[PDB]
Number of protein chains: 2
Amino acid sequence: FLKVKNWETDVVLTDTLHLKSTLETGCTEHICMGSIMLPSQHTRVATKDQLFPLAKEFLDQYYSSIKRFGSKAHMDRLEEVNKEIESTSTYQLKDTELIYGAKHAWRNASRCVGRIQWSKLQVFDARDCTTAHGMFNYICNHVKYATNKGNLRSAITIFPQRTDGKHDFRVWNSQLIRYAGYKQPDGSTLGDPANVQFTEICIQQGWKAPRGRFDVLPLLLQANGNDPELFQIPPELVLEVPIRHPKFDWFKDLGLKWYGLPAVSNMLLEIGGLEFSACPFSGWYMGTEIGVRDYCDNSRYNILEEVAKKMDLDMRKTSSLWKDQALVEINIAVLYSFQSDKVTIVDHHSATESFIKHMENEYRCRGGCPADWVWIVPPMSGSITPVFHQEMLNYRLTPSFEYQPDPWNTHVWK
Amino acid sequence: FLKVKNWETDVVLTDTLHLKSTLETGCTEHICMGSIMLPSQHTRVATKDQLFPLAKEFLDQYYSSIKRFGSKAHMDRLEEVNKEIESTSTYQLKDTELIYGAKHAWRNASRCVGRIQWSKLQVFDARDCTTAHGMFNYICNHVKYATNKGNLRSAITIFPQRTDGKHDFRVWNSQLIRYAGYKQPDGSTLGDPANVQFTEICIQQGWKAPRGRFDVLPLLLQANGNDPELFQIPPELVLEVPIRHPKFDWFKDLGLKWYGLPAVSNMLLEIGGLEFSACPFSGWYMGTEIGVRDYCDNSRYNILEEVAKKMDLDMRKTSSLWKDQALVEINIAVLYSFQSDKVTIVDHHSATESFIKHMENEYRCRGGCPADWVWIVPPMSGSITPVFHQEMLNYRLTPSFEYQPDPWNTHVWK
Ligand code: HEM
Ligand code: HEM
Ligand SMILES: CCN(C)CCc1cc(F)c(F)c(OCc2cc(C)cc(N)n2)c1
Ligand SMILES: CCN(C)CCc1cc(F)c(F)c(OCc2cc(C)cc(N)n2)c1
Ligand SMILES: C[C@H](O)[C@H](O)[C@H]1CNc2nc(N)[nH]c(=O)c2N1
Ligand SMILES: C[C@H](O)[C@H](O)[C@H]1CNc2nc(N)[nH]c(=O)c2N1
Ligand SMILES: [Zn+2]
């Protein structure tokens, strides 16, 4: 029954939820790895024996969720998937068990500050899919729906679960919409340095790059273990916000823009022991993810010098805080640009307050809320947002989202 | 033999130092408490039995440090304090063992970004002190020395170790130089809200407050268990930087200022099992500690609105990032003000780069460097400083600095 304090408000919350926790974290009693980016625990091949307790555990919270824990419909469903796990060494979720598992995977994501919206998640069941083309169609219907003309909506599309392991649905994109990354002669990078390995993988499979900055990458979709295939999202479906500033008219001259739809596609969704290797999910952007990380990370677009230049900034000494000054401006423009286009965006203040609000309800009507402070604190102006001052317990509940290796490092090809 | 990566540079460092670790962290395999502010492990009454392994462990690294591990002078010193621990149920450090233990307490402080300077620490041995007045004199000689007319120097003053526990030297100030905090009629706060409980404690013992903003508090010094006593640092010894901006001439009109000398006085220094309950230590300020936390924390001076006002800032909508804009300005002024006065200050960029440099040498010539990411990442512009992208292993080595309860909640009075 652990206590967590908010040192800005002296609010104390009591966490019992962490007792239901199951998975391990990477920390021990003599070492804390809370700052390791991809702990071996957060990465993802299972058998039929451990598979039933997982099913049991998940089915018991789900019937407990729809009020009727331990009833006949529960006991039958337990026997039912017991039977099905004996016979097939795996099983299938009901439509509702899948919607529930997905929403709670998000709910349990300790690194996600947007979780106040976890209950309003749209679950598209793609488990009937069999081909890369059908994947492409489900993904496009996802994009269109979640984009909703800038009034963005949370959604997830769940392709068939892993079975043997060699028959595996995977989106090879990290996100359905990402800009291409091209190395240059001198070595420098056009576009997004993050995706340079992925961009050339696409060309290795036949992409015809328009070698510029913001070239929306094509989808590389692997279906049921087969070699992936290239499909270009219809451009009318990829909404984009050109970035201007509400003061500096040279900001348009910077010629930047970003897509409205954040949509992570490389993660693994775990539910009742079942593994969904392709499950792209989307919501809306927090300002900082674009203006701080995408735009100003050194190994991303790296625009701080160019913005500071135009601002006429003391770029000599480090202590001029020119980098900080040009970073707040870039985030002012991103927010303003997205808002003047009716494209859903949230600032890091509004988003981190709501997370504290969310944390309250989770400790009240759930007994806790796993939270990773390393990741919840926004990457600029940490301590002026209320999550900097909120102690948080990190633990691993299931259903959950896990990392998984890249397909091209595991795919037994051709 | 754990690995930590820098995701900005793809640098990998290998940590074996954590194997020498001894104390626990608060994390377990199923829960990470890396964001708990004062874990029960980081707080501080010991006997004579566990006291010798502690002495042994510390003496073995110290003679290993001066090259002659296991020699006769080592073995004799081991027998010597063995003998002394049998006879007195405690023991005394040699002058050099104390200088070493202190420097390594700092070296091991995982929450300190300034640790690149740990070897150049000036150790003042105050273990002959017996009276609050003698404390006051050692503390003043500390202030004067460390201040060094703005060319600040790192130092620590070590008062006698705890023995029985009822005879205990304690500085009741959190820092030797802090501004007084006064509640008002309407409830609001003049001065520093942090110290309001301490400020009225001082008046409870007879302080004559000049009830303004930046009133340097008096020292409240407890010596050998006796009731503490009030002493006012000579004002010529308290250096102060008035805060101006190198653009906004109304910034002087804000009328702010800060002391040059950060000097934490409430911590407990542990060496070879011995407990030094009063051990004030000082270095120089990182810009952000004043301009971000001191000035802009909600429950500190809370000047963001007043600075934004004068900047003529979009203070209506939250998403205007006015708070961020006024926060970078305040930090530009702090750095500039301290630098135009030849008072040693370091910006959070320069300081966090040096910490990465420091981390390199610690993994190379020591096998690791315990680091608390929650605390090493500066509280503004996190991800544009290189420590945001540096994975860090947190573990607890000794000699170390520990928190300890406030004296007025433990002091058996009068
Ligand atoms: C609705 C708006 C949302 C916002 C504003 C939001 C915000 C964020 C942010 C800022 C991060 C940190 C990632 C980074 O900065 O690199 C994150 C991580 C994450 N989010 Fe959310 N998110 C949203 C929706 C969703 C949805 C719909 C899901 C799943 C269905 C989700 C699941 C996750 C996961 C799994 C992580 C990372 C966990 C990890 O890395 O281990 N989020 N989110
Ligand atoms: C020389 C310049 C120094 C700088 C720039 C510096 C910087 C910092 C900063 C920014 C923090 C985080 C505290 C906060 O933001 O609230 C910190 C913590 C700390 N520093 Fe350093 N510091 C310096 C010198 C020292 C010295 C001389 C010592 C000890 C002799 C020391 C030991 C510590 C300890 C023990 C902590 C906190 C550990 C904890 O809270 O558990 N530092 N320092
Ligand atoms: C190398 C890893 N690093 C780059 C972080 C990558 C990452 C992994 C992950 F699973 C995530 F959910 C993630 O969330 C971004 C995100 C997703 C959604 C739906 C909304 C918002 N607003 N944001 C970001
Ligand atoms: C409630 C706790 N919270 C307010 C943090 C307090 C705290 C505790 C502590 F032991 C510290 F060493 C500390 O370091 C401040 C510091 C010290 C020195 C020598 C230099 C710099 N530049 N800075 C700050
Ligand atoms: C070293 C550290 O684990 C890494 O830089 C983390 C820190 N916190 C983060 N927080 C978020 N939201 N996103 C990130 O990519 C990271 N990166
Ligand atoms: C909740 C959290 O533990 C607390 O706010 C910490 C976060 N990191 C920090 N880091 C530093 N340097 N100083 C602090 O006071 C804090 N506060
Ligand atoms: Zn931990």
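Side chains included, hydrogens not; waters and symmetry mates left out as well; all remaining heavy atoms used. Chain identifiers are assigned alphabetically (A, B, ...) following the order of the sequence lines, protein sequences preceding nucleic acid strands; residue numbering begins at 1 within each chain.
- Side chains of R115(A) and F355(A) form a contact here, defined as non-hydrogen atoms less than 4.5 Å apart.
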Check: Going through the checks in order, is the side-chain hydrogen bond (donor to acceptor under 3.5 Å, both in side chains) test met by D192(A) and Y301(A)?
Finding: CA-CA 6 Å; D192(A) 196 337; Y301(A) 271 77; 4.9 Å; no

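- The candidate from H348(B), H18(B), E353(B) with the greatest count of non-hydrogen atom pairs under 4.5 Å with chain A is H348(B).
- Heavy-atom distances place the side chain of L335(B), and not its backbone, under 4.5 Å from chain A.
- Residue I345(A): no heavy atom, backbone or side chain, is found under 4.5 Å from chain B.
- Of the listed residues (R293(B), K317(B), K323(B)), the greatest number of heavy-atom pairs within a distance under 4.5 Å of chain A belongs to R293(B).
- In terms of modelled atom types and a separation under 3.5 Å, the side chain of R396(B) and the main chain of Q41(B) share a donor-acceptor contact.
- Ranked by heavy-atom pairs shorter than 4.5 Å toward chain B, the options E8(A), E29(A), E24(A) are led by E29(A).
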Item checked: Steps toward side-chain contact (heavy atoms from CB on, under 4.5 Å) verdict (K247(A), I332(A)) -> CA-CA 10 Å; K247(A) 313 290 177 193; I332(A) 286 189; over 6 Å; no

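- Neither the backbone nor the side chain of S110(B) comes within less than 4.5 Å of any heavy atom of chain A.
- Using the six-membered ring where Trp is involved, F251(B) and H245(B) have ring planes that are tilted, between 30° and 60° apart.
- For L327(B), the part lying under 4.5 angstrom from a heavy atom of chain A is the side chain only.
- The parts of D324(B) that come within reach of chain A are both its backbone and its side chain, each placing non-hydrogen atoms under 4.5 angstrom from that chain.
- Of all the listed residues (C27(A), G382(A), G34(A)), the one sharing the greatest number of non-hydrogen pairs under 4.5 Å with chain B is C27(A).
- Contacts between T22(A) and chain B at a heavy-atom distance below 4.5 Å involve the backbone alone (N, CA, C, O).
- Aromatic ring centroids of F338(B) and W258(B) lie 6.0 Å or more apart.
- Between chain B and the options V374(A), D297(A), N298(A), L304(A), heavy-atom pairs under 4.5 Å are most frequent for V374(A).
- One N or O on the side chain of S337(A) and one on the backbone of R244(A) form a donor-acceptor pair closer than 3.5 Å.
- Side-chain atoms of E289(B) come within 3.5 Å of backbone N or O of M286(B) as a donor-acceptor pair.
- Both the backbone and the side chain of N394(B) come within contact range of chain A, judged by heavy atoms closer than 4.5 Å.
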Next item on the list: Using the side-chain contact (heavy atoms from CB on, under 4.5 Å) rule, take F248(A) and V307(A) through it: C-alpha gap first, then chi angles, then the decisive distance, then the call.
Entry: CA-CA 10 Å; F248(A) 304 113; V307(A) 173; over 6 Å; no

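- Of the listed residues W322(A), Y395(A), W7(A), the one with more heavy-atom pairs under 4.5 angstrom with chain B than any other is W7(A).
- Ranked by non-hydrogen atom pairs under 4.5 Å with chain B, the options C296(A), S319(A), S21(A) are led by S319(A).
- Within the 4.5 angstrom heavy-atom criterion, atoms from both the backbone and the side chain of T318(B) approach chain A.
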Check: Step by step, would you call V4(A) with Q390(A) a side-chain contact (heavy atoms from CB on, under 4.5 Å)?
Finding: CA-CA 8 Å; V4(A) 316; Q390(A) 179 68 52; 3.7 Å; yes

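- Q339(B) touches chain A through its side chain: at least one heavy atom from C-beta onward sits under 4.5 Å away, while N, CA, C and O do not.
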